[PDB]
Every structure is written in C-alpha cells, then in structure tokens.
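Taking it in order: structure first as structure tokens, then the write-up.
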Amino acid sequence: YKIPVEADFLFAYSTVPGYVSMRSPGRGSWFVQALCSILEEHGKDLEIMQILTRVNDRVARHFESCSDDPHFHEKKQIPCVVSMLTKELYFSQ
Amino acid sequence: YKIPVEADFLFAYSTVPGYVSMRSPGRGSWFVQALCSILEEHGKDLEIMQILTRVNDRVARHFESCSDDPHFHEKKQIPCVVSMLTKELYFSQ
Amino acid sequence: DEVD
Amino acid sequence: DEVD
Amino acid sequence: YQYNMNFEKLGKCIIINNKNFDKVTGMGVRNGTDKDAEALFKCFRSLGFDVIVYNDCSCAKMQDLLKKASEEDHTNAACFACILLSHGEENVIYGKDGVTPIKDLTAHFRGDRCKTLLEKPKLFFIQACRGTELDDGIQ
Amino acid sequence: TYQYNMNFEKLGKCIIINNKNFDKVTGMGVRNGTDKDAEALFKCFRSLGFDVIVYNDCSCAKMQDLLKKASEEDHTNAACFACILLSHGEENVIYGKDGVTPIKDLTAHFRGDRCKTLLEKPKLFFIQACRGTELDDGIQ
C-alpha cells in the first residue's frame with residue numbers, strides 16, 4: 001500500500017553538522033570541485049553512494065586550508081551524506 | 001598527511017529527524033527486525049550502504065502501524081543513513 | 001505498536 | 001581560503 | 001534493487017547560486033561560487049539533467065522556485081535534483097536577504113506533496129556552512 | 001584502494017546498549033520488545049565476527065563512561081567499531097534511564113584525535129530511538 005512521505009530523499013551536504021565549509025575564491029569550494037571531478041570520471045558507471053563516498057575521500061584527503069589568519073590555517077573538512085533512498089541509483093540505462 | 005577528526009563515522013538511524021520510531025512489543029522495533037533480517041542474508045556479501053538501503057526499503061514497504069488510538073494508527077516510517085565514510089565497507093575478507 |  |  | 005531509470009528524461013536540476021548578499025545580512029561576497037555553478041552546470045547537464053541556474057535569490061524566490069518545481073508534472077522524469085550554493089548555518093541557508101530553513105525548501109517534494117516524484121529519488125546538494133566549528137585534523 | 005582494509009586479527013568490538021527501564025521522573029515508559037531486539041542484534045553481530053558486549057538499563061553517566069573507556073582501549077588489531085543504541089530519544093538526543101544526553105557527545109569519544117587506534121577505520125553507530133514526535137501518514 002503506502003510509502004512514507006519522507007522516503008526517497010538524499011541530502012549531500014558539503015560538511016558535517018556544526019562545522020564550516022571551505023571555499024577557494026580562485027578555484028571554488030572544496031566539495032563542488034571534488035563532486036565534479038568524480039562525476040566527470042564516474043557519473044555514468046558508479047552507484048551514487050559509491051560516488052559520494054569517493055567525494056568524501058577526496059575532500060578529506062586532497063584539501064587542507066591556507067589562511068593568513070592562523071585560526072583558519074591548516075583546517076580539514078569531511079562532507080556528510082544523508083540517505084533516505086530505498087533503491088540503488090545509477091544515472092544511466 | 002592529515003585526516004579530518006569527523007571522518008569515517010556512519011550513523012544508521014531508525015528514523016528521520018523530527019519523527020518517531022516504531023517498536024512492536026511482541027516482535028521488536030521495525031528498524032531492528034529489518035536490519036537483522038537483511039544482515040542475516042547479506043551481511044557477508046553486500047557493501048554497508050547496499051545493506052542499509054535495503055533496510056530503508058524494507059521498513060518503508062513491509063511495515064505499517066496498528067493502534068487502537070487512531071492518532072497512531074496506520075503510520076509509516078523511513079530510516080536515515082548518515083555517512084562520513086571515505087571507503088566502501090564489506091564485513092568480510 | 002508503540003513509539004520510541 | 002574562506003568559509004561559508 | 002535499483003531505481004527504475006527508464007523514462008523519457010533524467011529530470012529537472014535547479015542550481016541556486018548565491019554570490020552577493022544585502023548589506024543588512026552581514027554576509028560577504030562568495031567569490032569562487034560562479035566557477036562552482038558553471039562546473040556543476042556542465043556535470044549535471046552531461047548526466048542528462050535539464051539544468052537552470054538562478055543567481056542571487058531572495059529567500060522568497062528560493063521558496064517559490066522549489067514550490068513551483070514541485071508542482072510541475074514529473075511523470076516522464078526519473079528523478080529531481082537541486083543544488084544550493086550559499087552561506088548557511090545549521091538547518092538554514094542564506095538568501096540574498098536573510099535565512100530560510102532547508103526543511104521548508106525540501107518539504108515541497110514530500111511524497112504527499114509531489115505525486116509525480118513518488119518512489120523517485122529526490123536529490124539535494126548543499127554547499128554551505130552548518131555552524132562555526134573547525135576540524136583541525138590529525139596525524 | 002576503494003575499500004576499507006579488513007585484514008586485521010579481529011573485525012572489532014560491538015557495544016550494545018539496551019535501555020528498557022527508565023526512572024519515572026523522565027516521563028518515559030518501559031520499552032517492551034527491546035529485549036528481543038538486543039537478542040537478535042547480538043546473535044547477528046556475533047555471527048558477523050564482532051566481539052559483542054550487551055549493557056542494560058544504563059544511566060547517562062554510564063553510557064558516557066562506557067563509550068569513553070571503549071575509545072581508550074587498543075583497537076590497533078581491529079578493522080572497525082560498532083555501537084548499537086536502543087532507547088528513548090528526541091532530536092539529537094538519547095535517553096539514559098535518568099535523563100537525556102546528546103548523541104554528539106556519545107560519538108565524539110571516537111573522533112580521530114581522541115581515538116587514534118580507530119583512525120581511518122569505520123566507526124558505526126546504529127540508533128533505534130525517536131527523534132521527535134512527528135508521525136508519517138504515508139501516501140498511495
């Protein structure tokens with residue numbers, strides 16, 4: 001019969017609750033750079049959680065902040081995926 | 001070099017923010033029944049997100065509340081997976 | 001059924 | 001490097 | 001075990017690219033965001049999404065944009081996607097003129113409020129702060 | 001190089017916190033059905049390879065302490081960590097027998113900088129609890 005009204009959402013946040021999110025004025029935000037690279041390479045052949053998991057890894061590993069303000073220097077970031085999906089999601093076929 | 005301190009957590013919530021979570025006094029809570037059922041059959045061969053997505057599906061489709069209180073009658077539930085994982089997770093090998 |  |  | 005993707009269309013993709021903010025909000029310019037929006041437009045277009053970019057949206061505009069999108073006919077679409085680029089705090093995102101809850105933006109697409117997206121994936125990508133904590137990292 | 005390394009002497013620890021009974025001042029009732037959950041979870045996670053430990057009717061202090069000490073053990077030879085919470089709850093918060101404690105504080109013990117032997121290893125939390133009072137009426 002029925003389906004929950006909150007079913008089948010996915011929220012791909014750039015960062016975890018309570019935290020900041022980094023943006024490079026010259027190259028754009030960390031999360032979007034990472035997301036686009038992985039989508040560019042694998043958007044058509046990986047399941048979306050595989051895609052976003054790899055995005056998590058790239059944001060976590062490839063980025064570290066540079067600021068002249070030492071308070072914001074050498075900081076790190078991890079994104080945050082929230083899934084209410086009920087199936088696997090592929091963007092092809 | 002560095003890893004974010006919040007990296008590599010996964011939170012498998014039985015329900016979404018703001019909502020209740022159903023428990024049958026005779027059979028246990030919906031989320032737990034579904035989780036154990038899918039883990040028994042696929043805990044050793046499916047990736048953790050594939051598992052939890054199937055759990056989402058089973059709680060969403062197989063369950064509907066029964067109460068003598070009409071306020072709590074015929075209600076639905078969707079669980080909620082929050083992943084800060086940076087790799088795929090298999091419980092074997 | 002009950003709620004948590 | 002700025003925050004949002 | 002997979003969402004059925006065999007539809008005429010992948011679906012609609014809304015990008016909200018908020019760069020400039022009213023002086024009353026206190027928020028600064030989000031330099032770099034245009035490069036994000038352009039890169040996103042290409043990726044999601046390549047996936048097959050019908051992408052439209054709205055710039056410097058007020059809270060009301062954002063609300064209306066998503067409400068109108070949820071009221072369209074998605075019968076021949078596989079899914080829906082929305083990307084929000086802005087300042088934010090926990091549970092909230094900045095329009096040009098203030099903050100609006102993320103919950104209200106996405107609630108339009110609930111199963112009981114958007115029947116033609118029922119049993120279809122509804123995706124939201126959010127680049128925005130969720131508070132003021134910093135992750136110092138380790139090792 | 002896309003999967004967590006699972007080549008360790010052991011899969012790891014699984015802590016189950018099974019809260020059935022609550023001090024009446026909390027307003028909370030008995031969680032009938034929870035024992036059956038704890039039994040099934042235990043059998044299930046032992047079968048996966050976890051070292052399972054079950055705690056019952058824990059105070060907030062006990063929950064905080066128990067997880068803190070678990071975070072201070074040596075996990076060098078474990079692949080991951082798992083914790084399962086069965087209780088009453090409200091948004092961002094979970095009930096001990098004597099009140100509420102934030103989910104954030106329970107899991108913070110296992111942060112990369114506070115639990116170095118679980119660094120780069122999955123830290124799993126399964127949470128059966130309410131997160132508010134809303135009901136989903138469903139559709140179709």
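Ordering of the structure tokens sets the chain letters (A, B, ...), residue numbers begin anew at 1 in every chain, and ligands are numbered from 1 in the order given.
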
- [ ] Restrict the distance test to only C-alpha atoms, flag each residue of chain A within 10 Å of chain B, and return the flagged residues as a PyMOL selection string.
- [x] chain A and resi 1-12+15-16+47+49-50+52-64+74-88

TODO: Using DSSP on the backbone coordinates, identify all residues within segment 16-90 of chain A classified as alpha helix (DSSP H); present the result as a ChimeraX atom specification.
DONE: /A:30-42,48-62

Open item on the list: Residues within 12 Å of segment 67-72 of chain E, please, as JSON, numbers by chain. Count only C-alpha atoms; anything in the same chain fewer than 5 positions from it doesn't count.
Closed with: {"E": [11, 12, 13, 14, 52, 60, 61, 62, 77, 79, 80, 81, 82, 104, 105, 106, 107, 108, 109, 110, 111, 112, 113, 114, 115, 116, 117, 118, 122]}

Given the selection you just returned, output its residues as a file containing N, CA, C and O atoms, formatted as a CSV table (one decimal), in the first residue's frame.
chain,number,residue,atom,x,y,z
E,11,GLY,N,15.6,14.2,-15.6
E,11,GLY,CA,14.8,15.1,-14.8
E,11,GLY,C,15.3,16.5,-14.7
E,11,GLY,O,16.3,16.9,-15.3
E,12,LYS,N,14.6,17.3,-13.9
E,12,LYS,CA,14.9,18.7,-13.7
E,12,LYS,C,16.1,18.9,-12.6
E,12,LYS,O,16.1,18.2,-11.6
E,13,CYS,N,17.0,19.8,-12.9
E,13,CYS,CA,18.0,20.2,-12.0
E,13,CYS,C,18.1,21.7,-11.7
E,13,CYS,O,18.3,22.5,-12.7
E,14,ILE,N,17.7,22.1,-10.5
E,14,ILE,CA,17.8,23.5,-10.2
E,14,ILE,C,19.1,23.9,-9.4
E,14,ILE,O,19.5,23.2,-8.4
E,52,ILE,N,18.9,24.6,-14.9
E,52,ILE,CA,18.7,26.0,-14.9
E,52,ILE,C,19.4,26.7,-13.7
E,52,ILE,O,19.2,26.2,-12.6
E,60,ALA,N,12.4,34.4,-0.6
E,60,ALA,CA,11.1,34.2,-1.2
E,60,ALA,C,11.2,33.5,-2.6
E,60,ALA,O,10.4,32.6,-2.9
E,61,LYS,N,12.2,34.0,-3.3
E,61,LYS,CA,12.4,33.5,-4.7
E,61,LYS,C,12.8,32.0,-4.6
E,61,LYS,O,12.3,31.2,-5.3
E,62,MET,N,13.7,31.6,-3.7
E,62,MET,CA,14.1,30.2,-3.4
E,62,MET,C,12.9,29.4,-3.1
E,62,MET,O,12.7,28.3,-3.6
E,77,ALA,N,9.8,11.9,-15.9
E,77,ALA,CA,11.2,12.1,-15.4
E,77,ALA,C,11.6,10.9,-14.4
E,77,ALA,O,10.8,10.4,-13.7
E,79,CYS,N,14.0,11.4,-12.0
E,79,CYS,CA,14.3,12.0,-10.7
E,79,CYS,C,14.3,13.5,-10.7
E,79,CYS,O,14.0,14.1,-11.7
E,80,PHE,N,14.7,14.1,-9.5
E,80,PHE,CA,14.8,15.5,-9.4
E,80,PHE,C,16.1,15.8,-8.6
E,80,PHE,O,16.5,15.1,-7.8
E,81,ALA,N,16.7,17.0,-9.0
E,81,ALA,CA,17.9,17.4,-8.3
E,81,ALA,C,17.9,18.9,-8.1
E,81,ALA,O,17.4,19.6,-9.0
E,82,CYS,N,18.4,19.3,-7.0
E,82,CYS,CA,18.5,20.7,-6.6
E,82,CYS,C,19.8,20.9,-5.9
E,82,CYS,O,20.2,20.1,-5.1
E,104,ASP,N,12.0,23.6,4.7
E,104,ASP,CA,10.9,24.2,4.0
E,104,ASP,C,11.1,24.1,2.5
E,104,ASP,O,10.1,24.0,1.8
E,105,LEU,N,12.3,24.2,2.1
E,105,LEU,CA,12.7,24.1,0.7
E,105,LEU,C,12.4,22.7,0.1
E,105,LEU,O,11.9,22.5,-1.0
E,106,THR,N,12.7,21.7,0.9
E,106,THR,CA,12.7,20.3,0.5
E,106,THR,C,11.3,19.7,0.8
E,106,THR,O,11.0,18.7,0.1
E,107,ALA,N,10.6,20.2,1.7
E,107,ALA,CA,9.3,19.6,2.1
E,107,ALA,C,8.3,19.6,1.0
E,107,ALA,O,7.4,18.7,0.9
E,108,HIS,N,8.4,20.5,0.0
E,108,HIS,CA,7.6,20.6,-1.2
E,108,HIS,C,7.6,19.2,-2.0
E,108,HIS,O,6.6,18.9,-2.7
E,109,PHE,N,8.7,18.5,-1.8
E,109,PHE,CA,8.9,17.3,-2.6
E,109,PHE,C,8.5,16.0,-1.9
E,109,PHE,O,8.8,14.9,-2.4
E,110,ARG,N,8.0,16.2,-0.7
E,110,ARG,CA,7.4,15.0,0.0
E,110,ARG,C,6.4,14.2,-0.8
E,110,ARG,O,5.8,14.8,-1.7
E,111,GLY,N,6.4,12.9,-0.6
E,111,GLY,CA,5.5,12.0,-1.4
E,111,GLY,C,4.1,12.5,-1.5
E,111,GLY,O,3.4,12.2,-2.5
E,112,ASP,N,3.6,13.1,-0.5
E,112,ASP,CA,2.2,13.5,-0.4
E,112,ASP,C,2.0,14.9,-1.0
E,112,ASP,O,0.9,15.4,-1.1
E,113,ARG,N,3.1,15.6,-1.4
E,113,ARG,CA,3.0,16.9,-1.9
E,113,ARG,C,3.6,17.0,-3.4
E,113,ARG,O,3.5,18.1,-4.0
E,114,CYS,N,4.1,15.9,-3.9
E,114,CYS,CA,4.6,15.8,-5.2
E,114,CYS,C,4.4,14.4,-5.8
E,114,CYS,O,5.3,13.6,-5.8
E,115,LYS,N,3.2,14.1,-6.2
E,115,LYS,CA,2.8,12.7,-6.5
E,115,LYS,C,3.6,12.2,-7.7
E,115,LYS,O,3.9,11.0,-7.8
E,116,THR,N,4.0,13.1,-8.6
E,116,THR,CA,4.7,12.6,-9.8
E,116,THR,C,6.2,12.3,-9.5
E,116,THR,O,6.9,11.8,-10.4
E,117,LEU,N,6.7,12.6,-8.3
E,117,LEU,CA,8.0,12.2,-7.9
E,117,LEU,C,8.0,11.1,-6.9
E,117,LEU,O,9.0,10.6,-6.4
E,118,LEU,N,6.8,10.6,-6.6
E,118,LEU,CA,6.6,9.5,-5.7
E,118,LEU,C,7.4,8.2,-6.1
E,118,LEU,O,7.4,7.8,-7.3
E,122,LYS,N,14.9,12.0,-4.9
E,122,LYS,CA,14.9,13.5,-4.9
E,122,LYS,C,16.2,13.9,-4.3
E,122,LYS,O,16.4,13.7,-3.1

Would you tabulate, counting only C-alpha atoms, all residues of chain A that have an atom at most 7 Å from an atom of chain D, showing the closest pair of atoms and their distance in Å to one decimal, sorted by chain then ascending number, as a tab-separated table?
residue	atom	partner	partner_atom	distance
A:20	CA	D:3	CA	6.1
A:21	CA	D:4	CA	5.4
A:22	CA	D:3	CA	4.8
A:23	CA	D:2	CA	5.5
A:24	CA	D:1	CA	4.8
A:25	CA	D:1	CA	6.8
A:65	CA	D:1	CA	6.2
A:66	CA	D:1	CA	5.9
A:67	CA	D:1	CA	5.9

Write to file, as a short mmCIF file (atom, residue, chain, number, x, y, z; two decimals), in the first residue's frame, the residues of the selection just made, with N, CA and C atoms.
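So part-v4.cif came out as:
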data_model
loop_
_atom_site.label_atom_id
_atom_site.label_comp_id
_atom_site.auth_asym_id
_atom_site.auth_seq_id
_atom_site.Cartn_x
_atom_site.Cartn_y
_atom_site.Cartn_z
N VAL A 20 32.10 24.37 9.56
CA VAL A 20 32.23 25.28 8.44
C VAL A 20 32.41 24.48 7.16
N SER A 21 32.42 25.18 6.04
CA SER A 21 32.62 24.56 4.75
C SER A 21 33.58 25.47 3.97
N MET A 22 34.64 24.89 3.42
CA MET A 22 35.69 25.68 2.79
C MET A 22 35.44 26.04 1.32
N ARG A 23 35.76 27.28 0.96
CA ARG A 23 35.67 27.74 -0.43
C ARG A 23 36.89 28.54 -0.89
N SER A 24 37.58 28.03 -1.90
CA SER A 24 38.69 28.74 -2.53
C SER A 24 38.19 29.70 -3.60
N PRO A 25 38.41 31.01 -3.39
CA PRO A 25 37.91 32.06 -4.30
C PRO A 25 38.44 31.90 -5.73
N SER A 65 43.34 23.71 4.40
CA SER A 65 43.17 25.15 4.24
C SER A 65 44.46 25.94 4.40
N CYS A 66 44.58 27.02 3.62
CA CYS A 66 45.62 28.02 3.82
C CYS A 66 44.98 29.38 4.08
N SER A 67 45.31 29.95 5.23
CA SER A 67 44.86 31.29 5.56
C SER A 67 46.00 32.04 6.24
#

- [ ] Give as an MDAnalysis selection string every residue of chain F that touches chain B within 9 Å, counting only C-alpha atoms.
- [x] chainID F and resid 1:7 11 31:38 40:41 44:45 47:49 89:92 107:108 110:114 119:138

Task: Long-range neighbours of segment 13-27 of chain F as an MDAnalysis selection string, 9 Å cut-off, only C-alpha atoms, 3 positions minimum in chain - done: chainID F and resid 10 30:35 37:38 41:42 45:46 50:59 63 67 70 75 78 80:88 95:100

Take the residues that were just selected and, keeping N, CA and C atoms, output them as a compact mmCIF listing (two decimals), in the first residue's frame.
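Final output, part34.txt:
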# COMPACT_ATOMS: atom_id res chain seq x y z
N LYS F 10 41.14 -9.13 14.16
CA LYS F 10 39.73 -9.19 14.52
C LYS F 10 38.90 -8.12 13.79
N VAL F 30 8.23 1.82 29.91
CA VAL F 30 9.04 0.65 29.61
C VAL F 30 9.02 0.39 28.10
N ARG F 31 10.15 -0.01 27.54
CA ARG F 31 10.27 -0.24 26.10
C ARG F 31 10.10 -1.72 25.78
N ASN F 32 8.89 -2.23 26.02
CA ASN F 32 8.58 -3.62 25.71
C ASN F 32 8.93 -3.97 24.27
N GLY F 33 9.55 -5.13 24.07
CA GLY F 33 10.03 -5.53 22.77
C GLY F 33 11.53 -5.32 22.61
N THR F 34 12.13 -4.50 23.47
CA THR F 34 13.54 -4.18 23.29
C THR F 34 14.47 -5.35 23.56
N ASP F 35 14.06 -6.28 24.43
CA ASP F 35 14.94 -7.41 24.76
C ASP F 35 15.11 -8.30 23.53
N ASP F 37 14.96 -7.29 20.43
CA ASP F 37 15.91 -6.58 19.58
C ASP F 37 17.36 -6.88 19.98
N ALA F 38 17.65 -6.75 21.26
CA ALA F 38 19.01 -6.91 21.75
C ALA F 38 19.49 -8.34 21.50
N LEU F 41 20.14 -8.67 17.66
CA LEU F 41 21.30 -7.88 17.26
C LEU F 41 22.57 -8.58 17.67
N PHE F 42 22.56 -9.09 18.90
CA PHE F 42 23.69 -9.80 19.45
C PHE F 42 24.06 -11.03 18.62
N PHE F 45 25.35 -9.77 15.09
CA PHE F 45 26.69 -9.17 15.04
C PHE F 45 27.81 -10.13 15.48
N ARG F 46 27.48 -11.08 16.35
CA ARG F 46 28.46 -12.10 16.71
C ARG F 46 28.74 -12.94 15.47
N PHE F 50 31.97 -9.75 15.14
CA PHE F 50 32.19 -8.76 16.20
C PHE F 50 32.32 -9.40 17.59
N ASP F 51 33.16 -8.82 18.45
CA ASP F 51 33.14 -9.14 19.87
C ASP F 51 31.99 -8.35 20.52
N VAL F 52 30.89 -9.03 20.80
CA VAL F 52 29.69 -8.34 21.25
C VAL F 52 29.59 -8.24 22.78
N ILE F 53 29.26 -7.05 23.26
CA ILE F 53 29.02 -6.83 24.67
C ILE F 53 27.67 -6.14 24.81
N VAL F 54 26.82 -6.65 25.70
CA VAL F 54 25.50 -6.06 25.91
C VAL F 54 25.37 -5.40 27.29
N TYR F 55 25.01 -4.12 27.30
CA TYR F 55 24.75 -3.35 28.53
C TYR F 55 23.26 -3.07 28.66
N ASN F 56 22.77 -3.10 29.89
CA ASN F 56 21.33 -2.95 30.15
C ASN F 56 20.94 -1.85 31.15
N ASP F 57 19.90 -1.09 30.80
CA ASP F 57 19.32 -0.06 31.67
C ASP F 57 20.40 0.89 32.21
N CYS F 58 21.10 1.54 31.29
CA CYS F 58 22.22 2.41 31.61
C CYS F 58 21.83 3.85 31.90
N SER F 59 22.44 4.41 32.93
CA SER F 59 22.30 5.83 33.18
C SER F 59 23.05 6.59 32.09
N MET F 63 26.55 5.41 30.19
CA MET F 63 26.72 5.43 28.74
C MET F 63 27.94 6.25 28.29
N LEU F 67 31.51 4.30 26.79
CA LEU F 67 31.99 4.59 25.44
C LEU F 67 33.36 5.27 25.48
N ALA F 70 35.81 2.57 26.14
CA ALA F 70 35.93 1.78 24.92
C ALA F 70 36.84 2.51 23.93
N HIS F 75 42.61 -0.51 19.75
CA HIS F 75 41.90 -1.08 18.61
C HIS F 75 42.82 -1.37 17.42
N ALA F 78 41.93 -4.27 15.32
CA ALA F 78 40.55 -4.37 14.88
C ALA F 78 40.33 -3.61 13.57
N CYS F 80 37.24 -2.35 12.65
CA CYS F 80 36.25 -1.30 12.84
C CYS F 80 35.64 -1.37 14.23
N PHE F 81 34.70 -0.47 14.48
CA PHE F 81 33.98 -0.41 15.74
C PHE F 81 32.51 -0.24 15.45
N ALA F 82 31.67 -0.83 16.29
CA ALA F 82 30.23 -0.71 16.11
C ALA F 82 29.57 -0.51 17.46
N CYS F 83 28.57 0.36 17.48
CA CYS F 83 27.82 0.61 18.69
C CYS F 83 26.36 0.70 18.32
N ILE F 84 25.52 0.01 19.09
CA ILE F 84 24.09 -0.01 18.80
C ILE F 84 23.35 0.53 20.01
N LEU F 85 22.54 1.56 19.80
CA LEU F 85 21.81 2.20 20.89
C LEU F 85 20.31 1.95 20.76
N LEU F 86 19.74 1.35 21.80
CA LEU F 86 18.31 1.05 21.86
C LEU F 86 17.69 1.80 23.02
N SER F 87 16.87 2.81 22.71
CA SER F 87 16.35 3.63 23.77
C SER F 87 15.28 4.59 23.33
N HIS F 88 14.83 5.35 24.30
CA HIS F 88 14.05 6.53 24.05
C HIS F 88 14.95 7.65 23.53
N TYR F 95 18.06 8.97 25.54
CA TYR F 95 17.76 8.76 26.95
C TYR F 95 18.62 7.71 27.64
N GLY F 96 19.23 8.10 28.75
CA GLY F 96 19.66 7.14 29.76
C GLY F 96 18.43 6.85 30.61
N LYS F 97 18.56 5.97 31.60
CA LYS F 97 17.42 5.71 32.47
C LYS F 97 17.02 6.97 33.26
N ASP F 98 17.95 7.91 33.40
CA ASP F 98 17.77 9.04 34.31
C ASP F 98 17.74 10.40 33.59
N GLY F 99 17.63 10.40 32.26
CA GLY F 99 17.64 11.65 31.52
C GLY F 99 18.17 11.55 30.10
N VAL F 100 18.46 12.70 29.49
CA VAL F 100 18.98 12.70 28.12
C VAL F 100 20.41 13.20 28.04

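Between atom CA of residue 97 of chain E and atom CA of residue 17 of chain E the separation is 13.9 Å.
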
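The residue that comes closest to chain C, out of F:66, F:60, F:94, F:79 and on the basis of only C-alpha atoms, is F:94.
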
Task: Members of segment 27-100 of chain F assigned strand (DSSP E or B) by DSSP, as an MDAnalysis selection string - done: chainID F and resid 50:56 78:86 89:90 93:96 99:100

Open item on the list: What are the residues of chain E lining chain B at 6 Å or less? Count only C-alpha atoms, and put the answer as a ChimeraX atom specification.
Closed with: /E:137-139

Would you mind exporting N, CA, C and O atoms of the selected residues as a CSV table (one decimal), in the first residue's frame?
chain,number,residue,atom,x,y,z
E,137,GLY,N,42.0,18.4,12.2
E,137,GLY,CA,42.6,17.3,11.6
E,137,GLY,C,43.5,16.5,12.5
E,137,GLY,O,43.7,16.9,13.7
E,138,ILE,N,44.2,15.5,12.0
E,138,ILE,CA,45.1,14.7,12.9
E,138,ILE,C,46.1,13.9,12.0
E,138,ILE,O,45.7,13.4,10.9
E,139,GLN,N,47.3,13.8,12.5
E,139,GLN,CA,48.4,12.8,12.1
E,139,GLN,C,49.3,13.4,11.0
E,139,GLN,O,50.5,13.3,11.1

Show me a table, sorted first by chain and then by increasing residue number, of the residues of chain E having an atom at most 8 Å from chain D, each with its shortest atom pair and the distance in Å to one decimal, counting only C-alpha atoms and written as CSV.
residue,atom,partner,partner_atom,distance
E:30,CA,D:4,CA,7.8
E:86,CA,D:4,CA,7.0
E:87,CA,D:4,CA,4.8
E:88,CA,D:4,CA,6.5
E:127,CA,D:4,CA,7.9
E:128,CA,D:4,CA,5.3
E:129,CA,D:4,CA,4.7
